[PDB]
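The data below hold one chain only, encoded as structure tokens and taken in the form deposited in one PDB entry.
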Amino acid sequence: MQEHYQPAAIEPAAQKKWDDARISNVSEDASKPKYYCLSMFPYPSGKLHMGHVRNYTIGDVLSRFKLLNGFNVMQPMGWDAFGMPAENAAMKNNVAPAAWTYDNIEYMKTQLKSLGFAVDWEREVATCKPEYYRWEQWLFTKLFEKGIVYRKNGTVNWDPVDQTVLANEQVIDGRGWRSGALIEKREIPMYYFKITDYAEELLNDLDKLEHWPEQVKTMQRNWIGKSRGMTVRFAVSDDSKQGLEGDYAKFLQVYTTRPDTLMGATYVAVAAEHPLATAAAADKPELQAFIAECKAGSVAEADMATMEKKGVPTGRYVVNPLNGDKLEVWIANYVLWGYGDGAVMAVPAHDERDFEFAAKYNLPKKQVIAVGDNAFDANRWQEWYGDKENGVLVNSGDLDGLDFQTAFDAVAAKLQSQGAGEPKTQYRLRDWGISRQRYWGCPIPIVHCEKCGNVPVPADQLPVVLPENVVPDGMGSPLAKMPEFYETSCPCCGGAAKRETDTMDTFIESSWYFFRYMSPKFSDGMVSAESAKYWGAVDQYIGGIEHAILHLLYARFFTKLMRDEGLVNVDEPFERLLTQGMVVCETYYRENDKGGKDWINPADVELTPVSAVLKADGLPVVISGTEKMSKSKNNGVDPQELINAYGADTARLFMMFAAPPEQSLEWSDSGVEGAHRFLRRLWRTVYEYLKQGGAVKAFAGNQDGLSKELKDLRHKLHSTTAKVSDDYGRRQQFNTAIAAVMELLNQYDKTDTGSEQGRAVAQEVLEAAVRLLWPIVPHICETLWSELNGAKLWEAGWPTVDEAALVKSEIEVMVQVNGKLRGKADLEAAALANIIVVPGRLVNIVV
């Protein structure tokens, strides 16, 4: 055994030992319990970043832990390959997105292999290959014929300078984020998944997920946004009907979740597109201007609640069906056409948004709920104003004194008897628009024929292959400019026809890839029945919190769609969910000519602990704040530089020790060095142990007869095994597991292990320590284990707790006063807490 730890000389050998043993290449072996551990697969963007290394090290720790516990562990990796990154790189570099993508995959794959992740590379998928995306085209066609996928006109943000469609997030003050041109609202036909048909199942099935973080489930519930409310119809006042047709001339229908407060409504509000808004605005320029502003907004959903709420009065009035009040109709920017009826009532005394709106416009606030003897102040919102549980109705006529549920039913009764309303369930959830006007994505398998309509491509003709010999130029979506792609014959009649040229939302590929891993070469279906039956669901899913709403909702939805098609047997794709925190780093810059900043990458900087300077010249830089690693402030630390300087195990150890997985992980030069020094210490501890006599049989069995010092070390050892097992298995807090092994090594360092029994215990300590750390730093532990013991580390298995090492050897002593037993220097103090002391047997209190 070499004296000094050298990662470069042991990490490739360990990797070849694992590869040759095919330990990570798993099959559907019915004789070993399965465990499916999945880290969210990466976009092949070019090179790994620290977020990747953190994520996949966490996944590898859990996978290797389960492997040592005897599970048949599938840990697959693949590439989420479609999307805008490659399209832009193409525009920037004059290369095909496919060529850029495949070169990135090859490079990043080598990087992942160099980190020693126990990955089943025979299950690799790349979502941009027709062998993958043919199956989501297949599902699309099946659902399209059932109406679960449908085609409908929708409104998009069109950027006329860049000639591209923009998400709301890419619109800044009504202008495209890159072009700076005013965007145009355009109506275009698009394809939608009818995910609202599954809203109730997606909501209720969250309750099954006892091993999901409660905040992820709360976010999904709020996103789905089910409410149980009341449709209420306010008759349009006789003076307010000009310009109105049909039922819009008769009543204004609203939806409310608080019909118990209907007696306290003081105005109503409609969307900009509502017919009452249109009729009121016909002669009123301020209203026309307000409506135009509302229609031109592009506020992202994440920002909707934060936008300033504004409205304009219409001079039109409706009548409250309960109390007969005439209420003015307002147009408001927070009422969205297409949600419910596009009209709401307002109760400013008991809804905080209505309170602030009414406070702004000096609209009335009417208390109709009381909570105890709490004083109501119309001028200041109090939390109890919105309480639904502990209030009773006041100022509500014959409804006074009722609680929420009784008042709800009473109002429903009154409204239904009048014909003025009825209970109604609503969902915030929108259907999922999947059309993208982009080239680098899965083609939509539709052919447009003027005789037959929008025709799904037959299953025998799938895939619709995306041509890879394309370099986007930026002047519009390439597929629409390629008649060699879109000109075709109709599969139903043989006539002239055109292929759909929009591609699929790339969330589609990540909504089912976890099933494709189960049989990635299966050519007769999305996933083979035998594989789906064996692997079932993902046991452990690991990924970033930014995917907690959309990706997870879509994956759950696709799972239920595939279940209903008879392809899988589970209702939910992911049993346990671990969401990792971001990686952050200090920022540095040097000053600018126009009073700005230009940002320096950390690896090009050297500190002095006073100031910092640039490595190339040694001139001063300015240390700035710490924030998430990104190209924006050039504070990404390249993991390849970390691996080149210290090796894979140091990178993995630092990532796992620096913070618990959910916490933000702060890049630290000294922390990286400390991780490396600990691996050197581990190496030296084993080297020095073996140099004093070589390996012996590890201590096992009855420890009666061991010295106290060695009993104490065995107690620490099995205490540490218990802690580490609970940290890996239950708490998923790997930093504390590492610290526990460090404390064990500290106690070992202070214990004399030179005797025959001491060497047996030292062997037991070191054999446990290297297996406890193997999930985290497998290369060095594999190597050290081989010097300690001739068995296959993965066949020795996870260390077992010896409960006998955890019980302490007590001796029962009799106590007596004046020679008569009255119960049963250290022993003197206990018998007084109960003086001749016959050592260990008798203590006598000279009364």
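Residue indices: 1-based, along the sequence shown. Note that the rigid core is defined as the largest set of C-alphas that superpose within 1.5 Å between two forms.
Although it is not shown, the form deposited in another entry is what the next lines describe.
Looking at CA displacements between this form and the one not shown with the core superposed, a shift of 2 Å or more is confined, among 138, 290, 404, 485, to 290. Superposed on the core, the two forms differ at residue 177: its CA moves 2 Å or more between this form and the one not shown. Comparing the forms between this form and the one not shown, the C-alpha position of residue 538 differs by less than 2 angstroms, with the core used for superposition.
For residue 306, the Cα coordinates differ by 2 angstroms or more between this form and the one not shown after the core has been superposed.
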